[PDB]
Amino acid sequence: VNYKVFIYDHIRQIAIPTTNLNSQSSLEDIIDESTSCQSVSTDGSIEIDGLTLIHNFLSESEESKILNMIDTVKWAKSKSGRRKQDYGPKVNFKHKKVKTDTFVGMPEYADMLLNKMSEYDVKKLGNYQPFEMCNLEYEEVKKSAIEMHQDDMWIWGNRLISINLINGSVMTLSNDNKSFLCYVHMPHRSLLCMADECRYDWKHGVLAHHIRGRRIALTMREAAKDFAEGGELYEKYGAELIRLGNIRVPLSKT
């Protein structure tokens, strides 16, 4: 609460400070601020490192094909009212232990999604090797939410990709040391990449009140430098994870 609040201007990729917004601010006010911020001046602006939001990343046709494949696959129970579908290794983060027995491969839609990411930006989202692609489902009735946190950096890489599917939401990012809080409004069919400062310096979260109806987030993760070639864990675990990630599970009826 005792922190500066900023709203993200996608057009200029800068965060503009506001006293109108607050910790408990409603989703509607944040969407309203996102439109109002473009008018506001650059004074107090911060630049987020590695935060990229792509509007209209997925066409309605592309979303529909992916959603039919996702809903055809079974949904698994998760903490925080969320539900999860995982296409990645099972890892004990505490003991640094990885099991690849349950990893049969990446989902079929990954090939289409990855190619599109490279077409927009080979530098920003290209050269991506998938390690875990997890689809997470949030329902307002279940008050689904993800608590504020920074994802593991041991096996997961710098770039974190979330695509909002059935509906959009607001990402809450907190830099506790500098006492700065930013709200990023993620619209329907939007890709958010959190990396660099957002991945480590900032923490990522989605609040329960920012969830309206049902939303599915197509989370994608990449190989950590250690698991990749030139790393200690590549031979023991990484090489298999790269091959298994290359494999594509058939999820579409033709």
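A residue's number is simply how far along the shown sequence it sits, counting from 1.
- Judged by mean Cα B factor in the deposited record, 40-48 ranks above the other of 40-48 and 182-190.
- Remark: stretch with higher mean C-alpha B factor among 25-33 and 59-67 is 25-33.
- Each of 166, 153, 106, 163 has a CA temperature factor in the record; the biggest one is found at 153.
- Compared with the other modelled residues of the chain, the Cα B-factor recorded for residue 170 ranks in the middle third.
- The PDB entry assigns residue 214 a C-alpha temperature factor belonging to the lowest third of its chain's modelled residues.
- Among the modelled residues of its chain, residue 225 has a C-alpha B-factor that falls in the lowest third according to the deposited record.
- When the modelled residues of the chain are ordered by their C-alpha B factor, residue 93 lands in the highest third.
- In this PDB entry, the Cα temperature factor of residue 131 sits in the middle third of its chain's modelled residues.
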